Amino acid sequence: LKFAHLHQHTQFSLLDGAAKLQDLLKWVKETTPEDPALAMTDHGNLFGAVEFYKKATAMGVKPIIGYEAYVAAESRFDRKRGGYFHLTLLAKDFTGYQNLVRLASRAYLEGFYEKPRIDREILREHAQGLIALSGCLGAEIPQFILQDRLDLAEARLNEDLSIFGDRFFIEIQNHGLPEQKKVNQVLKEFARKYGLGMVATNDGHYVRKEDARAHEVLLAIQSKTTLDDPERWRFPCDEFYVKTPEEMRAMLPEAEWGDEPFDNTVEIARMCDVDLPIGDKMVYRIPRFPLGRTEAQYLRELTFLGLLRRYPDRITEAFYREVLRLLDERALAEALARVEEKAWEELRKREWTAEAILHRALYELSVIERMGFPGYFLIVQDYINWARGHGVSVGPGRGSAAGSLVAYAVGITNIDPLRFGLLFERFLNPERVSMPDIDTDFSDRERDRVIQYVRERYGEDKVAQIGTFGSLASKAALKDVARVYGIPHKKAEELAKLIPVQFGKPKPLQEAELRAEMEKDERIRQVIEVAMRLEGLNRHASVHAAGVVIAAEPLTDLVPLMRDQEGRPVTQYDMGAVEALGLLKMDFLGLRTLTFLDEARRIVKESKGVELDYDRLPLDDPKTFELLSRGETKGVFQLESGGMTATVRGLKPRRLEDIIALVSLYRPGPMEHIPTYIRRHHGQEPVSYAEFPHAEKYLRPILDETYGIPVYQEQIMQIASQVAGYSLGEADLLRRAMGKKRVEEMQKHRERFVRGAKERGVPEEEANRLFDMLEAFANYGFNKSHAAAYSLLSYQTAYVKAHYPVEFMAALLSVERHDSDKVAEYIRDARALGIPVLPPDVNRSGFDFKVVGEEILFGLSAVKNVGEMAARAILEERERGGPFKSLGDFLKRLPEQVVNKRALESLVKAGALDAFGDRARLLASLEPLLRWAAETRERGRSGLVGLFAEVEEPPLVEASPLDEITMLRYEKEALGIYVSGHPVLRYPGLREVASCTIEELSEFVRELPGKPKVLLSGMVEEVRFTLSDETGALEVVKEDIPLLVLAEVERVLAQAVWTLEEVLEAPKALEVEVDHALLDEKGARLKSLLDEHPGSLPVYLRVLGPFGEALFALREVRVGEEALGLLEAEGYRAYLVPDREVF
Ligand SMILES: [Cl-]
Ligand SMILES: [Cl-]
Ligand SMILES: [Mg+2]
Ligand SMILES: [Mg+2]
Ligand SMILES: [Zn+2]
Ligand SMILES: [Zn+2]
């Protein structure tokens, strides 16, 4: 006797599934050795399939691919507020697999209501190659039976029979459920009546019986409730696990069920021969390109016609002509394209010269053609060179890609791969076949449009973004479980901080060494197990930012789909899984820095009429480096880090290759090689090669550009390529194989190394230690291809900040104008940078942030109630009739029809109409001026020329000025942020008692004790109230009332709060403000001046230190109030501040 499950859910039935793929697949194997099988039947997705099939296939288990599908009462198109039912589906042959992919695809695109649902209409369309099973208790035929509508169930059994035929079975499962008794007792009659045959299953959602609660909390996490709610999601019993053949016949006896429902499980799984193109198979689905030209010929053509642009001074019209005479401008490329590979190699045999370029070019192409990747390069180049002409910034490139010359010739890459040390052989190793990945950056604003270009260009059915499935984290796992177990949040987090952090993410709970915390509480015992019993599970399905696919055949025909909340065609198979099926995949990353370069250039073009042609700037521009050297990185890509900034200020880099090497070495590990870089760079330490005297004549060239440090991997490859006699290709393999650290496969390369090293120079003693030097540096060394690429951007950024520093800031502000916080911030940076930032101005403002003269001026768009039409409207009516002359002249040119009263209100509140006088006066005048305006046209449309038709706007109505607090209040209501001040500046008391500003909080606090308490004072902005200084914003746990807050910190949690008038009531103290320039003979100058008027007020000292500022609260002495009057009577600034103590 034996058995094999055909209904088993997995980690991939995301909401309710708790069976991890691995320990499930062994549990099935360890149960039955003989021809074991498992069907993967996830709830309405195919997420598992691939990554499952391949795990079981190399484990020793035959897999079967399946789908517990949601079938709608009626049409998948319905949206009824009947339901949706279950249905067990298995794919028997490969066509079946396709039709499964299709269904789950369609269930998502065409029929998504709550769950993704298929019609019986489409099921019938796609039945070819499928076996169905009557279904779990919630499926159709059983359900109807439960309802005493036998007459419908049999009718629906007939229907289903008309669809699959002798490939539909009656599903019999049993748990201790009375509903199952009645359903089967009839299902049993059916299978005998129509002549159907029964298959025994039992719907595993967990692996082994002990996974009961472990699972029954996974629910409590998907339901987000306590273990004791109730009403919390629960299953009906603890019986949904991968049972033994023996535990089965316990739910299905012998004299009641017979051998048929077992010997059918085995026999089905056998007839289910399904194979996924993978490994042994996997054909490259490189999509075709449209063009009397070879796929490869064109790419060749485009390259030539490219170099000529790329290298003006050294590849010419005349040059190509010379080549062809050894055998228009476009007309030469068209021809050089048609030289064959037997014909080419009759020239080489008869500093980067004109030839040198040809060779490398022709070589690259030779390796491209031979490999089968010319098409690829086209597809890629095409969409990129489109984005250029269509206002979509494209980054210089990323990763290995950069180093191919063809890549750079055809505008895929955009950095001269041979002016830097970039390598083709790192991007495409000639001596092993592997899909080269070409990732590309894009202006993030515009990225999707490129995807759309591809989408429309290659087919709406061939183009999708790739799926991503987050892992439950060991750290997080433990949290969520503890929520469930009725536990105080704190000790929860005291359990989280046990678990290590080995690299980026937390260590698995498998190895996790203060375990004695278990043996204390029996509550915690489970919590810890349960968390590791859940470790590997899944969250939900996000689109990958970068992932895109271009299939060659319709996607639906191999890879299933989804549409995400904002209508993206998404793949159900993950990154690897896709790439494992062998599909053309690519990253289309979004990149802020690019968008920022765009708005800068626009702002620059407007400011001073200068075309910023980023792909044509000198890379030796002094004033750029001198900035980075002064360490003014603030807005400059990549080197923005707290720490990294400091480094640069010491390195003082003079040429790009320094930014490149800085960037490359700055990360834990290599880091240390940085000081050396610096002392070598400042020119104070020789760069010596006495350790490999014979190898020097090979090293210097490679490592001199890097003050002697193997930083870049290419630098490594080259060393081997040159010293060992390695083909640059082979060289790569070396670096590759030293990465894999294959214990004893290394001593094979060692030999091949020395053996060649002799034949070139070094006498092995050097060789060995040199190889030692390689395996030493290679583990940390970097990809220059990538490094240099990005570096260029940092330069590009720095250059702007250096040469156009105002507009720079505007572009900053502009780009992130959608962050009330960042804007405030960017403002404050630019404010204390010599630049003023101005309110909008109906006269001077452009639409967006604008740079006028030397100031950053707002736009009208930024005004909160003003429509967008109305902003542009204002403008155009201000550019056909010139500059606005009065608020009258405004309201007659812009009727209420266009700018409503509300609009007007804010527009004044903003200060756009400041150009006219006092604000409060304006606001009240509006209404009676609109009564005037509207009346003017009534006169105007009644004949009457321009004197009888205008009683010209009587002067503005009158009212007392807007006091600051009330005035500032409006600005923000109107502009999201405050301009020209801040409430907290008006009543200083709160400043003077506060321990910090919001800015400094982070840096004052970290260094004190562990988890400190502190007092903070600013403005409130929430009903998790938000607190603001003139210096920042903090989440802390009504509107426009100032407070002082005593709160504990780690994000900051409040303990106590006081009202302004409670703070101006608590007794006062004296604070002398003192400069750092004080004498020995002053601290006892002050000391005596205080001694002479003692009392009961404490004394405080603000000592403005060179780097920071601290509050020395005197000592013994306590002054008696009268002191302030006699104290301001010397070069000392003073205040009667509230007394910091009390709080
Ligand atoms: Cl060295
Ligand atoms: Cl060294
Ligand atoms: Mg059905
Ligand atoms: Mg890629
Ligand atoms: Zn379920
Ligand atoms: Zn099920």
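What counts, and where the lines are drawn
- Residues numbered from 1 in each chain as written, not as in the entry; some residues may be left out.
- Chains lettered and ligands numbered in written order.
- Heavy atoms only, no water.
- UniProt positions renumbered as here; feature names shortened; annotations may be inferred.
- Helix = DSSP H or I, 4+ residues; strand = E, 2+ residues; numbered from the N terminus.
- Buried < 20%, exposed > 50% of the residue type's maximum accessible area, 1.4 Å probe, protein only.
- Areas by Shrake-Rupley, 256 points an atom, 1.4 Å probe, with all protein chains shown as cover.
- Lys, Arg positive; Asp, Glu negative; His and termini not counted.
- Charge placed at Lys NZ, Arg CZ, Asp CG, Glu CD.
- Salt bridge = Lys/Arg side-chain N within 4 Å of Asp/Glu carboxyl O.
- Pairing = 2+ DSSP bridges.
- Donors = N, O, S within 2.8 Å, 3.2 Å for Na, K, Ca; no water.
- Domains from an automatic or database assignment.
- Patch = residues over 30% accessible without salt bridge, like charges linked within 9 Å, V, L, I, M, F, W, Y side chains within 5 Å.
- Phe/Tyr/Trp six-rings, centres within 6.5 Å; stacked < 30°, edge-to-face > 60°.
- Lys NZ or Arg CZ within 6 Å of the ring centre and 35° of its normal.
- Expected span 1.5 Å × (residues − 1).
- Contact = heavy atoms within 4.5 Å.
- Axes fitted to C-alpha atoms, helices over the stretch in contact; angles between N-to-C directions.
- Parallel < 35°, antiparallel > 145°, perpendicular 65-115°, else oblique.
- Left-handed = near helix turned anticlockwise from the far one by under 90°.
- Nonpolar A, V, L, I, M, F, W, Y, C, P; charged D, E, K, R; others polar.

The deposited coordinates for this entry were obtained by X-ray crystallography, with a reported resolution of 3.70 Å.

Looking at the PDB entry, one finds the protein named DNA Polymerase III alpha subunit and attributed to Thermus aquaticus. What the PDB record gives as the title of this entry is "Eubacterial and Eukaryotic Replicative DNA Polymerases are not Homologous: X-ray Structure of DNA Polymerase III". The heading Function in the UniProt record of the protein holds the text "DNA polymerase III is a complex, multichain enzyme responsible for most of the replicative synthesis in bacteria. This DNA polymerase also exhibits 3' to 5' exonuclease activity. The alpha chain is the DNA polymerase (By similarity)." Turning to the protein, the UniProt record has this under Sequence similarities: "Belongs to the DNA polymerase type-C family. DnaE subfamily."

Visitor: So what exactly am I meant to see when it comes to the overall build of the protein here?
Guide: For the protein, the helix and strand inventory stands at 45 helices and 29 strands. Taking the principal axes of its C-alpha atoms as reference, the protein extends roughly 110 × 90 × 85 Å. Here the protein holds 1143 residues, and the buried ones make up 52% of them. Accessible surface, the protein: about 55,500 Å² in total, of which carbon and sulfur atoms supply 49%. Taken together, the 154 basic and 186 acidic charged side chains of the protein have centroids lying 3 Å from each other.

Visitor: Can you walk me through the pattern of salt bridges in this structure?
Guide: Opposite charge on two side chains allows them to pair when their charged atoms are near. Per the stated rule, a full pass over the model turns up 79 salt bridges. Across the salt bridge formed by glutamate 334 and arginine 338, the nearest N and O atoms sit 3.9 Å from each other. Linking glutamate 1021 and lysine 972 is a salt bridge whose minimum nitrogen-to-oxygen distance equals 3.7 Å. Pair noted here: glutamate 1021 is in the loop between β20 (1013–1020) and β21 (1026–1029) and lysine 972 is in helix α40 (residues 964–975), with a separation of 49 residues, a long-range link. A single salt-bridge network, built from bridges that share partners, covers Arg445, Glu599, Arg602, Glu606, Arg817, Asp848 and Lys850.

Visitor: Any chance you could explain the pairing of strand β23 (residues 1042–1049) here in plain terms?
Guide: Put simply, side chains in a regular strand alternate between the two faces of the sheet. Along β23, 7 of the 8 residues are buried, which leaves the element largely enclosed by surrounding structure. Pairing between β20 and β23: 7 bridges, direction antiparallel. Bridged to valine 1014 within β23 is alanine 1047. Two strands pair when backbone bridges link them, and β23 and strand β24 (residues 1052–1059) are joined in this way by 7 bridges, in the antiparallel orientation.

Visitor: Hey, could you run me through the coordination of the zinc ion (ligand 6) in this one?
Guide: Geometry sets the ideal angles at a metal, namely 109.5 degrees for four tetrahedral donors and 90 or 180 degrees for six octahedral donors. Coordination of the zinc ion (ligand 6) by the protein comes from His7 (NE2), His9 (NE2), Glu68 (OE), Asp203 (OD) and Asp203 (OD), over a distance range of 1.6 to 2.8 Å. In this structure, the zinc ion (ligand 6) is positioned 4.6 Å from the zinc ion (ligand 5). By relative accessible area, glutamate 68 is classed as buried at 0%.

Visitor: Sorry if this is basic, but what is going on with the domain arrangement of the protein here?
Guide: Where interface size is given, it is often the accessible area lost as the parts come together that is meant. Domain boundaries in the protein define domain 1 (1–275), domain 2 (276–469 + 541–591), domain 3 (470–540), domain 4 (592–961) and domain 5 (962–1143). Measuring from the centre of the C-alpha atoms in domain 3 to the corresponding centre in domain 4 gives 41 Å.

Visitor: Before we go on, may I ask you to explain a positive patch on the surface in this structure?
Guide: Together, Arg736, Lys740, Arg742 and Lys748 make up a region of like positive charge exposed at the surface. Its location among the elements puts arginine 736 in helix α30 (residues 728–739).

Visitor: What am I meant to see in the coordination of the magnesium ion (ligand 3) here?
Guide: Listed as protein donors to the magnesium ion (ligand 3) are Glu140 (OE) and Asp160 (OD); their distances from the metal cover 2.2 to 2.7 Å. Here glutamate 140, found in helix α5 (residues 140–146), pairs with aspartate 160, found in helix α6 (residues 150–164); they are 20 residues apart in sequence, far enough to count as distant. Summarising the burial analysis for this pair, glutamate 140 and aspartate 160 share the class buried.

Visitor: Got a minute to help me understand the packing of aromatic side chains in this structure?
Guide: How two aromatic rings sit relative to each other is given by the distance of their centres and the angle of their planes. Overall, the coordinates contain 27 aromatic pairs when judged by the stated rule. Considering the side-chain rings of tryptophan 1058 and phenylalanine 1143, the 4.8 Å spacing of their centres and the 85° angle between planes classify their relative orientation as edge-to-face. Ring pairing ties together the aromatic residues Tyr284, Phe373, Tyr376, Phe377 and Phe427, which thus form one cluster. The ring of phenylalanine 262 has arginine 249 lying over it, and the distance from NZ or CZ to the ring centre is 4.7 Å. Directly above the ring of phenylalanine 847 sits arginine 872, whose terminal nitrogen or CZ lies 3.9 Å from the centroid.

Visitor: Got a minute to help me understand helix α23 (residues 592–607) in this structure?
Guide: For α23, with 16 residues, the first-to-last C-alpha span of 22 Å sits near the 22 Å given by 1.5 Å per residue. Where α23 is concerned, the buried positions are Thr593, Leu594, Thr595, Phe596, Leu597, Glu599, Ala600, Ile603 and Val604. In this structure, the buried side of α23 is in contact with β10 (440–443), β16 (584–591), α33 (784–803), α34 (805–815) and β18 (850–852). Of the residues trailing α23, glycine 609 is marked for its positive phi of about 65°.

Visitor: How do you make sense of the environment of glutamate 121 when you look at a structure like this?
Guide: Inspection of the secondary structure assignment puts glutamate 121 in helix α4 (residues 120–125). Owing to a relative accessible area of 53%, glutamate 121 belongs among the exposed residues under this scheme.

Visitor: It is not clear to me how a negative patch on the surface should be interpreted in this structure. Could you clarify?
Guide: Together, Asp829, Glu999, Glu1000, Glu1003 and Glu1109 make up a negatively charged patch on the protein surface. In terms of residues, the negative patch owes the most to one element, helix α42 (residues 998–1005), which gives 3 residues. As for its position among the elements, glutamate 999 is in helix α42.

Visitor: Would you explain the pairing of strand β27 (residues 1099–1105) in this entry?
Guide: Where strand β25 (residues 1068–1074) and β27 come together, 5 bridges link them in parallel fashion. When the bridges of β27 are listed, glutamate 1071 appears paired with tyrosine 1100. Where β27 hands over to strand β28 (residues 1108–1113), the hairpin turn is made up of 2 residues, counted between the paired strands.

Visitor: Teacher, can you tell me more about the sheet that holds strand β8 (residues 168–173) here?
Guide: Reading across the sheet, the 6 strands line up as β1-β2-β5-β7-β8-β9 and stay open at both edges, with mixed pairing between neighbours. Unpaired on one side and paired on the other, β1 (37–43) and β9 (198–201) mark the two borders of the sheet. Strand-to-strand, the axes of this sheet are offset by a mean angle of 35°, without reference to chain direction. Where strand β7 (residues 130–133) lies against β8, 2 bridges are found, and the strand directions are parallel. Residue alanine 132 lies in a different strand from β8, and its bridge partner there is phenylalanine 168. Packed on one face of the sheet, helix α3 (residues 94–109) meets β2 (62–68), β5 (88–91) and β7 and runs near 30° to β2. In the packing of helix α7 (residues 178–195) onto the sheet, the strands contacted are β8 and β9, and the crossing angle to β8 comes to about 150°.

Visitor: How do you make sense of the packing of helix α28 (residues 696–704) against helix α29 (residues 713–723) when you look at a structure like this?
Guide: When two helices pack together, their arrangement is given by the angle between their axes and by how far apart the axes lie. Two numbers describe how α28 lies on α29: the axes approach to 10 Å, and their chain directions differ by 160°. Taken together, the axes of α28 and α29 are roughly antiparallel relative to one another. Seen from above, α28 lies across α29 with right-handed handedness. Each of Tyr698, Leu699, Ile702 and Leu703 in α28 lies in contact with α29, whose residues at this interface are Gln715, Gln718, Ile719, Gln722 and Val723. Split by residue class, the contact of α28 with α29 holds 6 nonpolar, 3 polar and no charged.

Visitor: Got a minute to help me understand helix α27 (residues 673–681) in this structure?
Guide: Along an α-helix, a turn takes 3.6 residues, which lines up residues three or four apart on a common side. Turning to α27, its buried residues are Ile674, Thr676, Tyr677, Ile678 and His681. Summarising the contacts, the buried residues of α27 are in contact with α25 (642–651) and α26 (656–665). Directly beyond the C-terminal end of α27, a positive phi value near 60° is found at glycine 683.

Visitor: Quick question: what am I supposed to make of the packing of helix α24 (residues 622–630) against α33 here?
Guide: In contact at an axis separation of 8 Å, α24 and α33 are set at 95° when each is read in the N-to-C sense. In terms of orientation, α24 lies roughly perpendicular with respect to α33. Each of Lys623, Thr624, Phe625, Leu627 and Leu628 in α24 lies in contact with α33, whose residues at this interface are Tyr795, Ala798, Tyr799, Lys801, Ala802 and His803. Split by residue class, the contact of α24 with α33 holds 7 nonpolar, 2 polar and 2 charged.

Visitor: Quick question: what am I supposed to make of the sheet that holds strand β17 (residues 837–838) here?
Guide: Pairing between sheet strands relies on hydrogen bonds along the backbone, with the strands arranged either parallel or antiparallel. Spatially, the 3 strands line up as an open sheet ordered β17-β19-β18, and their pairing is mixed. Strands with a single pairing partner mark the edges of an open sheet, and in this sheet they are β17 and β18. As judged from the 2 bridges shared by β17 and strand β19 (residues 855–857), these two strands associate in the parallel manner. Bridge pairing links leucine 838 to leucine 857 in β19.

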